[PDB]
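Beneath this line is the structure, given in structure tokens, with notes to follow.
Residue numbers (the deposited numbering), protein chains in the order written: chain g, 217 to 736; chain E, 217 to 736; chain h, 217 to 736.
The structure is reproduced here in structure tokens:
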């Protein structure tokens, strides 16, 4: 496709269409692309900064921008997310369709505060997709600059930059420098457009259900087992205490002691924290007493950690210090900002198979009891994989990420990205875009020295993403009604997920998926 | 094949041929086979020896020898190994071709120091392969008696012996005795020959690359996250200390604290040791304080352990006490021998995903903090499998082993052999060889008693192994040059990997594979 | 091809693809073309300048710019140049593909320091290639203004000028004046593009190998010759001295005296110079004592001269005063600049066949000895071609030139361009470009006088060059590893061949091709 200047090179397709076991989301947004790094690649590092062994880094910043739509609210509207959630046991991405169009390249001259922009028709913008995955993958890091949840919102394209191997503030020989001009890319003038398609590999359905049973309560409450266990090791004959070995068979009465077939999910304990400041130990323990890992000398906090239930029982006032998803709030700030300005996610429905994050996994025997030595018991705070273990993965949220690239390694384990979502060996590729450098008038005599005088300019276009999602419909024989996500029927000053008098789109709370119930 | 006495039954095929995505190695060596155990199977154990509960063993020794080429330098010359390494992201074995020929059976009579050897033409040697895997598999134990790296070197065939079930120095009812004459085997005279072929199962490519990114530095250095975390639990208002809950969003400034999707590899910590004797604690802690496992009462040191980085940062002077590969050095001895006489392997390139072996994995929350109890932090020294972990496996070396038989078990986990290499459910089968017993003159009257008088004899032949290796070529968009294995250009008394004035082949250092760089 | 204003007339093709015995490099760069000499041809000479008989010149300067990509780094990235070098005994250019596109013609008016640029759509730029080689060829002179090594770098088109016959500051009858408008050239507006293809003649592969033997050491160290020579002309009988004629046969003991079949390469001696200022004779001898040639009254220093080894043995501190390639260094200057700001090339691997440049070729008999006159010996400092001679040519460098036009002469000798590279009778032709003159408003009444009022304008576009290189793969039976170009594995502040924090691309050192070794 391509036709003159005065001819639109694409239309506005923004819709969702539901088709039984599929749903097709289509989003279009208007974007703006600044000319980054004044056309330059720059070496960047932590050198001559606040330092901190655990915060050092080496890398480069590119003149390139990139497209990001790795966020559910990029595709589903609240109402749709509602439909999805309330009626489906699962879902996953099948097909992807990307279109880039109505390119407009503007040039801006600024003379004495008086700053004026005009059309540079002959100017070109470059785009290409890293289909071979040869560039460092940054999409799976939950950065900013996705498509706005609200269709009517214009957005700015994020600048592309990447991290290579660092020995604190310094690079090593095996460190990689990538030049994006060393890729074939398609050049567009105002009449041109770019289009491209992708198919998702076979990933399991995201579990948008919650169990209506719990691992420990899986038996028939009305029947005894044919199995036995050691009940008493000291008999009560009014003789005070007197050795003995007494066994009893599993009973409804004593469920906690019946032999069972499975174990709860793996565990890596986290520090508890209360939402009401009072309950909390004084002092600053966010780093000091936070669970973290030690990679080549530097520590990094295990943030969303192994998928564990957030709080036990009623105590909805607690949460793992760094083991849940915390979302912004539009009005929230950089680094200050109180609990009133964020939204914490509650991973409640997985209590049925997963260990609670703040409490321990369980208790282990630690010695060889005998007449002369007492039986001892240790607490187990970290629990790796065990044959017979089962579990759920972290949920996904309307404001959450969708997929991430499984790292290319000799080995991995249940590669569900930890922030939640779809783990793909070959994820939707990165789409790189960039304004083509337009030199200002050069000297009237030749000069070898690098070129520095560029006509400053930026670009705007529309972008369209279409995704085909496969639904896994619900087959429930549950007699009683289910829990559904609903809006509050009562009167109110504002309507959830709308704009205010100032015209700002706002997302009231995070919304997970797990409402419907399957038995274990 | 078979033709008279004066007719060669095979040629000398020793070559390597490179074919884009394949390489075919062919090695021929000259071998010598002694008549072992004077034709006898012997029961063998630790009984009436130095004992030690952890060293007891019951087993048998056979009159049979066996062929072993489970060592890269059996097939690749240095130059080739260089080619392999410097240009390929991976590789693996496809097809195997084994030929045995030019059989010569010599008889030796020795009368009064004057010891003379002559040709026994009518003498036979027996050979056969354990195709059904019905013999105890000894190839995957890094023993001696492989094909010499140097083609011109003659070698002696290892004697075959095995271990069955032992209750310290004693056997049990379920212990197994195998007789190798209870296998059909092919008998060869001087004109005969033995040939055989095998195909490898589908194993992943060995990762002969190093990551040009690290698990913790995977984000876009230029952009904030849309995610938040608990930054301060106590605010600084000049009020000394005053509770509070403050959150901030992920920043390039604070990478160690940004939520991430993945975890570093599993961990089983090892004791650190310095190459310069000074730095080390006095005393003998090699066993005393070495990490080890407890199997049925007896302990065994976890030698090459879980694959972990050998030393952090610059500190190339340290190494895991028993968590790296140590190679001989020709002039090295049995059990004395200093560091000057061995070669220690540095697993450095895997720092990017794997925990360091000497340091800890990370830190875990260990209590339920509150106003009245301080937040506590434990060190974690052992780390099992976690959903979301990724890792590399130990590298392989030119002098290293190539494959090992995955034990036939009801369950296993990431069955990469721990010393490095290819884990095969059905590996190249064992090739058993043996000189056929030739009785000396018997009594002139019959005697039922066991035969003991045998003409002493040995045998020489050539052996040829041909292997077809599948390469996985490099697809890098890295702009800057890579790290290559090179020889030192500068003048020198000796040339690496050659013979000396005395004609002894010598391997200067171990050579791994990981030189080229793929992003994560 | 050609389509409206708002339609890109070409894409960004910048890639390398490796195909067994071929490699295809494709480069695209963004260029800027000034309007040179204000649209005028100018006569130029050395008249009324500093003079110097050896620096006089007559010629002309043209309004035309020209494209130059005669430089390896125009096509190969560092990593690629590494691949080429480390694995191939040779290589050469086969096919050429040139495309010029996305033309943009800008007009610039400048009124009171306020200088503004706009699009002049209807403006045209002229391009054509000297396919018949009728223009003076300037590409083979290692001038500036080639395509930048770094893809992201914008560059300025060199202005075309040429030299004709001069009798110092003056021209002669047979001097030639060439008008570039007297060539058919294609005219382009913003929507037009220019394309063109070329096939290289058959040139020998460049020798990207080093010999693993030397001319003098070609014999069998274990065997005598059957040849004899005159060993002693005076016998030692204790008789002090006493005539005689004694012959011995060639021995491994005396290799320097054994008859041999070949001679080392030709020689034109150069002055030695030390990198450490101390070692050097005081005084300014760069011209005074430099080797040079005398062409029609004027002297010119033999710069890169006959191909000779740069320094003997270990002495890497010396170099031929004007017999090696010296490269800039980005930060280097016009004419000041110390050794710290340049890069000198070491022609070391050719010691094996070529004379050392600073030392003498050898020694010659110079008289007819006899009883009454002593035998005399002269030093030979210049050595022409001799039947039996063999040699290598100067190597080529990643920053070095690729080809040069063999002068059209009645005769030449081993026409390998002296600066290194490929000598072609018909090299890639010169591509001339130029902005078309656009007159400003003329008088309202006719005037015969030459037109002087031009709207000032410049142009920008992309340029693409694609080259198909034929590889000569290595067929080595060397057992030991080879020397490879590698990057230093150790930590560092900067990564070789990248940009710094200021975004400036920098080339660490020169890189030659000769790493692999073929026997003589």
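Built from N, CA and C at the ideal position, the CB exists for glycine as well.
Coil, strand or helix - residue i by DSSP
i: residue 249/g; result: strand
i: residue 747/g; result: Not covered by the structure: residue 747/g. The range shown for chain g is 217 to 736.
i: residue 381/g; result: coil
i: residue 493/E; result: helix
i: residue 472/E; result: helix
i: residue 275/g; result: strand
i: residue 641/E; result: coil
i: residue 303/h; result: helix
i: residue 309/g; result: strand
i: residue 404/h; result: strand
i: residue 298/g; result: helix
i: residue 283/E; result: strand
i: residue 356/h; result: helix
i: residue 477/h; result: coil
i: residue 397/h; result: helix
Cross-chain neighbours of residue i in chain g, by beta carbon under 8 Å
i: residue 371/h; result: 667
Cβ distance (whole Å) where residue i is taken to contact residue j below 8 Å
i: residue 543/g; j: residue 444/E; result: 7 Å
i: residue 579/E; j: residue 594/E; result: 7 Å
i: residue 565/E; j: residue 426/E; result: 4 Å
i: residue 282/g; j: residue 259/g; result: In fact, because the Cβ distance is near 20 Å, the residues do not count as touching under 8 Å.
i: residue 342/E; j: residue 650/E; result: 5 Å
i: residue 698/h; j: residue 732/h; result: 6 Å
i: residue 540/g; j: residue 563/g; result: 6 Å
Proximal residues of chain h, C-beta to C-beta of residue i below 7 Å
i: residue 302/E; result: 302 and 700
i: residue 664/g; result: 360 and 361
Contacts of residue i in chain E (Cβ-Cβ under 8 Å)
i: residue 713/h; result: 695, 696 and 697
i: residue 613/h; result: Residues of chain E passing the Cβ test: none, with the nearest at roughly 14 Å.
Residues near residue i in its chain [Cβ-Cβ closer than 6 Å; skip 5 each side]
i: residue 261/E; result: 274 and 385
i: residue 405/g; result: 340
i: residue 538/h; result: 506, 517 and 519
Chain-ordered chain h contacts of residue i [CB-CB under 8 Å]
i: residue 298/E; result: 697, 698 and 700
i: residue 357/E; result: Those do not exist, as residue 357/E stays about 29 Å from chain h at its closest Cβ, beyond 8 Å.
Chain-ordered chain g contacts of residue i [CB-CB under 9 Å]
i: residue 229/h; result: 400 and 401
Contacts that residue i makes with chain E (C-beta to C-beta distance below 9 Å)
i: residue 236/h; result: 236
i: residue 703/h; result: 696, 697, 698, 699 and 700
Chain E residues whose Cβ lies nearer than 7 Å to that of residue i
i: residue 294/h; result: 695, 696 and 697
i: residue 291/g; result: Ordered by position in chain E, no residue passes the 7 Å Cβ test against residue 291/g, which lies about 16 Å from the chain.
Contacts of residue i in chain g (Cβ-Cβ under 7 Å)
i: residue 709/h; result: 386
Residues near residue i in its chain [Cβ-Cβ closer than 8 Å; skip 5 each side]
i: residue 652/E; result: 339, 340, 341, 342 and 403
Inter-stretch contact (C-beta, 8 Å, three-pair minimum) for the segment 555 to 571 of chain h and the segment 467 to 486 of chain h: Touching, yes, given that three or more Cβ pairs across the two stretches are closer than 8 Å.
Any 3 or more C-beta pairs closer than 8 Å across the segment 654 to 668 of chain g and the segment 360 to 377 of chain g: Cβ pair count under 8 Å is below three, so no.
Cβ contact check for the segment 318 to 326 of chain g and the segment 394 to 411 of chain g: 3 or more pairs under 8 Å: Cβ pair count under 8 Å is three or more, so yes.
Three CB pairs or more closer than 8 Å across the segment 719 to 732 of chain h and the segment 603 to 618 of chain h: With a cut-off of 8 Å, the segment 603 to 618 of chain h and the segment 719 to 732 of chain h count as touching, because enough Cβ pairs lie within range.
Stretch-stretch touch, CB-based, cutoff 8 Å, three pairs: the segment 699 to 712 of chain E with the segment 294 to 304 of chain E: With a cut-off of 8 Å, the segment 294 to 304 of chain E and the segment 699 to 712 of chain E count as touching, because enough Cβ pairs lie within range.
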